Amino acid sequence: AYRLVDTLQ
Amino acid sequence: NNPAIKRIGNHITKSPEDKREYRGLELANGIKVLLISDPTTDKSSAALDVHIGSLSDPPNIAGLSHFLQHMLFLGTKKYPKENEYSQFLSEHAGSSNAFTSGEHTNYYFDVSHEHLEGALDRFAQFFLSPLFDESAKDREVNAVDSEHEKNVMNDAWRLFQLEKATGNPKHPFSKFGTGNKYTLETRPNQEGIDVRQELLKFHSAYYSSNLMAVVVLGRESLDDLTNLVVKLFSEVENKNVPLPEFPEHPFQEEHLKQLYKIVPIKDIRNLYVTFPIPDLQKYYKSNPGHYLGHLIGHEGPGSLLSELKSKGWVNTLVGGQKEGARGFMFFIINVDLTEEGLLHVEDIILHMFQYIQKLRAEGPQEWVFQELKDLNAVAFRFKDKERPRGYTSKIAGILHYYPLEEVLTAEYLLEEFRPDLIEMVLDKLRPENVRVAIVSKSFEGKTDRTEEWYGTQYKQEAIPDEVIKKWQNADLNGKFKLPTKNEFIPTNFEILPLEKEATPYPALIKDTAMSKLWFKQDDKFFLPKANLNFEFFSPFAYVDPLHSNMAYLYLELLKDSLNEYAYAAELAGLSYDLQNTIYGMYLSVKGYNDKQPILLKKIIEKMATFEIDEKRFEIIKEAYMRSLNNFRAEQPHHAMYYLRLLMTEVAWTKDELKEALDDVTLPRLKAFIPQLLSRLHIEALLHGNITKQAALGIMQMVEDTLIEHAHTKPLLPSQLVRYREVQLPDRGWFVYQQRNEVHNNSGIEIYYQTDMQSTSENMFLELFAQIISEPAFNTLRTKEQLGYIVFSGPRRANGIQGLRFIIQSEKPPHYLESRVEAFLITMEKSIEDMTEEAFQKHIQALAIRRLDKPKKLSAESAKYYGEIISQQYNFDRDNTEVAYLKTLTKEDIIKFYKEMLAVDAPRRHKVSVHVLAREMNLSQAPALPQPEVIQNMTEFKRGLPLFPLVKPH
Ligand SMILES: [Zn+2]
């Protein structure tokens, strides 16, 4: 096949 | 002119299918803006992306920009109430979230279309005068800590941080972005830091208008939206902050030709190969890295993956470019490993370099670029209309990268063939700048390093000069060939005229022993696509744990067998999903209607004539075993899984499936398949750009292919069994307790069972949940800080329903219980005290939520699909249920709570799942009864009645 962030409030 | 506006952009290039209208502009203060007018939209939306993130954290306060992201929701000068923002959204059918990455902090909401200005006014204050209230700060630090806690034992997050820890430690790339209690409170306190002042300073320094991009979508005209955004966002200060840039790659010479041996949490087996590269972002019109990703990551005949799979070394592969930040990027080739592949890592990588050498030998291929371009242009023209909230959030990010006029097209349309760039990137993919990482339990006890933020156990070694040289000498392997022309590329995009007998809902157009066909020709979206959904009913897919195992393995081996062929279809926008269920099998084919009958035919044909390769069977069996074992490393909120097991008539546990798996032999599987296919019932939804006669044709082609090759006959109507939910006794409380062996947090699910689904019961439960939704979050998380994960809502299963709470926490479940109960009493009183108009706002908010129109085909298909698989077939549910909802009073909801939900309720039906951690002005909690502790799930189920099944509409 071709081709991590913190949320929230 | 207008002094508040620096410039209005030219025409924003859009798809001719896109009826939304667009205006780009730049404000005098430097904010880039996109306005989107959609007079049909039920929900309006806005997002703002600040081009600053965790890479800009002070070296001494890790997580600060992320903590700031949480804190902005907790009150501003204009709107000081801690939950003013979230309460306003909830009462007006809205929702919000935000995220922090290395270089961006992105904030978004949606809301009922008539309340855009009110939501946007509150939102704008985030970027003007947040309070960073001292009490808010001390509470909310726990949400961030709990957020990190859940990531700690997650293999993906551990690898993410490990990559950072093994580059140049002086590079901002090495920073820990999440933050926690230690970095955000404890250490700052030890070092005399006033965190509130640090938040105020960071906001002041970096939240500059020149680094911001805003997108607003509403029903208003482009002129009205323009005045709105000028009104609200003109006052953001420009502090002329330079955009951070990172031209020096975090991986320098000494970080290259390195091998890392890593112990995972789950029993997984992977190989990560990475090469440092320049930032290719500026080359978006040619996209050299996507071209190489397409080729290296290909899964068709002649591919890298094909040969590695044939050798029995790897099952899956991902290749291509990966973002870093302004100034650096990575090119990756990652594979999972079979047991044999773990012993042949050196050979796997040689094959990677042989494939790369083949690319170098053939040179750049304009015809490959042309396909890529053609596919991107088709995808752009016929893109599904997006939900406003995700759309505004996405555009706000990319406004920082492309001219206003190109923001919609820039990620799609390719323009320049650039063999110089393709060669340049290809020149970076050499053994002398490779980093290699193997993830395996086999390194357990053999490691000498520990990553500090997550605890990851690893070992770092130089790759031997002799290994490098061997890879440097990779020559051409005759197994590697470029892909051939993709024959699934669609060319017929004709939209068939709407038939005279067309219906607003799916019509039942075939009702036989073998099949039930629901059909709707698309009357809304007018894109050349269709969704073809099939449930195959067979009692033999779930009769016992063994047969459930075989059903699974059968379909996994089938997908594995079709992969090479199906991959071309997938690139060409034609996909399928095939899985075993508790009732048989589910097949979904979606995308461009053109070639769709061809792929479908191939799937059923392969299904019904399937012959298993023994080597693939053994590999996939071993992967499945590990997959079952690995559930042990899932998160404590496990609680959901135990409740499902507890409440459903028939359910096999992961333990029972594990046991039965050794008894799965090849002979047994080969016998199972014809038996599974011998008798079936098929229920289908065919929905999209297709006529009644094409639908009837597709259905009968599926039947005829099964009849022909598998001798399929119809199932008896009585054999079309559905499972029931366990019926809890009036005033009963049951507790099931287990331990999570991996994570050091608790998880809980509390289920207050109400009654069978019906119009009245549905809307009592949904209104109550609407009313308590924001307060539960505010109380249990924001005020009491019980954990990051705090959830409440209706639970629906097997035609029955109730109210659930899900929490993950450091606090013991028995404590969590008393806090949920204390909260429930708060809500009764709160419902008594709320005005009749506040009550009506919640009815209206629920109404808007339920009536929100699907923006795309598959969203409409899924709604009909839910009616079909639940066998309620209530296609007009929304209008009917909302009409009834508008009828409800405060007394109705109070009486409902008092009868079904209150601690002293005569019809309270409560079940709790307590998952214990590995190591195991507050409102007044009521006294609780002694629970009956469930010792055995089978015995629990035996001793209770089973509910009826819901009658079909
Ligand atoms: Zn967060």
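K.L.:
Help me understand the sheet that holds strand 7 (residues 212-218) of chain B in this model?
P.N.:
Across a sheet, strands are paired by hydrogen bonds formed along the backbone, either parallel or antiparallel in direction. All names here are of chain B. Sheet architecture is open: seven strands sit in the order 1-2-3-7-4-6-5, paired in mixed fashion. The open sheet terminates on both sides in strands that have one partner only, identified here as strand 1 (5-8) and strand 5 (95-100). Going from strand to strand, the sheet's axes swing by 15° on average, the running direction of each strand aside. Here six bridges tie strand 4 (residues 43-50) to strand 7, and the two strands are oriented antiparallel to one another. By the bridge assignment, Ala46 is partnered in strand 7 with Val216. Together, strand 1, strand 2 (21-27), strand 3 (32-37), strand 4 and strand 7 form the strand contacts of helix 8 (residues 222-233), whose direction differs from that of strand 2 by roughly 30°. Sitting on the sheet, helix 14 (residues 388-398) is in contact with strand 2, strand 3, strand 4, strand 5, strand 6 (105-112) and strand 7, with an inclination near 25° to strand 4.

K.L.:
Can you walk me through the coordination of the zinc ion in this structure?
P.N.:
Working reference: metal with six octahedral donors, ideal angles 90 or 180 degrees; metal with four tetrahedral donors, ideal angle 109.5 degrees. At 1.4 to 2.0 Å from the zinc ion lie its protein donor atoms, namely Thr7 of chain A (O), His66 of chain B (NE2), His70 of chain B (NE2) and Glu147 of chain B (OE). Around the zinc ion, the four donor atoms sit at angles spanning 96 to 121°, and that spread fits a shape best called tetrahedral. Taken together, the positions of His66 of chain B and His70 of chain B, both in helix 1 (residues 64-71) and four residues apart, correspond to about one turn of that helix. Taken individually, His66 of chain B and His70 of chain B each receive the classification buried, so the pair is uniform in this respect.

K.L.:
Quick question: what am I supposed to make of the pairing of strand 24 (residues 790-797) of chain B here?
P.N.:
On any regular strand, side chains alternate: one points to one face of the sheet, the next to the other face. Residue and element names in this part refer to chain B. Across eight bridges, the pairing between strand 24 and strand 25 (residues 800-809) is antiparallel. Bridge pairing links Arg795 to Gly802 in strand 25. Between strand 24 and strand 25, which pair antiparallel in sequence order, lie two residues; one of them, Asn798, sits at a positive phi of approximately 55°.

K.L.:
So what exactly am I meant to see when it comes to the interface of chain B and chain A here?
P.N.:
Note: interface size is frequently given as the accessible area lost on complex formation between the parts. With 33 residues of chain B at the contact, the number on the chain A side is nine residues. At the level of secondary structure, the elements contributing two or more residues to the side of chain B that touches chain A comprise helix 1, strand 5, helix 4 (134-152), helix 5 (155-165), helix 9 (288-296), strand 10 (317-325) and helix 24 (759-783) of chain B. Here the side of chain B that touches chain A is built from residues that sort into twelve nonpolar, 17 polar and four charged.

K.L.:
Looking at this model, I keep getting lost on the packing of aromatic side chains. Mind explaining?
P.N.:
To describe a pair of aromatic rings, one takes the distance between the centres and the angle between the planes. Residue and element names in this part refer to chain B. Enumeration over the complete set of coordinates arrives at 55 aromatic pairs over all chains. Seen in terms of ring centroids, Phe488 and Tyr565 are 5.3 Å apart; in terms of plane orientation they differ by 85°. Their pairing is edge-to-face. With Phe488 in the loop between helix 16 (465-472) and strand 15 (507-511) and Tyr565 in helix 17 (residues 545-571), this pair connects stretches of sequence that are 77 residues apart. Ring centres of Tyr752 and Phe805 lie 6.3 Å apart, and the angle between their planes is 90°; this geometry places the pair in the edge-to-face category. With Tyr752 in strand 23 (residues 746-756) and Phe805 in strand 25, the pair connects residues that are 53 residues apart, well separated along the chain. By relative accessible area, which is 1% here, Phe805 ends up buried. Within the aromatic cluster, the residues linked to one another by ring pairs are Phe73, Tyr85, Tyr107, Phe109, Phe123, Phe126, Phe127 and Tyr207.

K.L.:
I keep staring at unusual backbone geometry and nothing clicks. Help me out?
P.N.:
Trans is the common state for peptide bonds, and a negative phi is the common state for residues other than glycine. Cis geometry marks the peptide bond from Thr7 of chain A to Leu8 of chain A, where omega comes out at -5°. Backbone geometry at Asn240 of chain B places phi at a positive 50°, although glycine is not the residue there. Here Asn240 of chain B lies in the loop between helix 8 and strand 8 (258-262). Taking relative accessible area as the criterion, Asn240 of chain B reaches 58% and is therefore assigned exposed. Positive phi outside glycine occurs at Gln871 of chain B, with the angle close to 60°.

K.L.:
What's the story with the sheet that holds strand 26 (residues 909-916) of chain B in this structure? I'm lost.
P.N.:
Residues and elements named next belong to chain B. Pairing in this open sheet of six strands is mixed, and the strands run 24-25-23-26-22-27 from one edge to the other. Of all the strands in the sheet, just strand 24 and strand 27 (932-933) have a single pairing partner and so form its edges. Pairing of strand 23 with strand 26, which is carried by six bridges, proceeds in the antiparallel orientation. The partner of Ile748 across the bridge, within strand 26, is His914. Seen against the sheet, helix 20 (residues 639-647) touches strand 22 (732-739), strand 23, strand 24, strand 25 and strand 26 and runs at an angle of roughly 140° to strand 26. Running at roughly 160° to strand 24, helix 24 makes contact with strand 23, strand 24 and strand 25 of the sheet.

K.L.:
Would you mind showing me how to read the UniProt feature "short sequence motif: SlyX motif" in chain B here?
P.N.:
Those residues carrying the UniProt feature "short sequence motif: SlyX motif" are residues 810-815 of chain B in this numbering. The straight-line gap between the two end C-alpha atoms of residues 810-815 of chain B is 10 Å; of that span, 50% is helix and 0% is strand.

K.L.:
Hey, could you run me through empty space enclosed by the protein in this one?
P.N.:
Over the atoms a probe the size of a water molecule is rolled, and this reveals where empty space is left. Its volume calculated, the largest cavity comes out at about 80 Å³. Around the largest cavity sit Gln9 of chain A together with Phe73, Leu74, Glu82, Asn83, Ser86, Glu774, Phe777, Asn778 and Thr782 of chain B, which together line it. Here the lining of the largest cavity takes four residues from helix 24 of chain B, the largest share from any one element. Considered class by class, the residues forming the lining of the largest cavity number three nonpolar, five polar and two charged.

Rules behind the numbers
- Residues numbered from 1 in each chain as written, not as in the entry; some residues may be left out.
- Chains lettered and ligands numbered in written order.
- Heavy atoms only, no water.
- Residues with missing side-chain atoms left out of burial classes, pairs and counts.
- Pairing = 2+ DSSP bridges.
- Helix = DSSP H or I, 4+ residues; strand = E, 2+ residues; numbered from the N terminus.
- Axes fitted to C-alpha atoms, helices over the stretch in contact; angles between N-to-C directions.
- Contact = heavy atoms within 4.5 Å.
- Donors = N, O, S within 2.8 Å, 3.2 Å for Na, K, Ca; no water.
- Tetrahedral: all angles 85-135°; square planar, octahedral: opposite > 155°, others 65-115°.
- Buried < 20%, exposed > 50% of the residue type's maximum accessible area, 1.4 Å probe, protein only.
- Nonpolar A, V, L, I, M, F, W, Y, C, P; charged D, E, K, R; others polar.
- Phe/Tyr/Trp six-rings, centres within 6.5 Å; stacked < 30°, edge-to-face > 60°.
- UniProt positions renumbered as here; feature names shortened; annotations may be inferred.
- 1 Å grid on protein atoms, 1.4 Å probe; cavity = no way out; pocket = protein on both sides within 12 Å on 5 of 7 lines; lining within 4 Å.
- Points joined across faces, edges and corners; volume = space filled by probe spheres on them.

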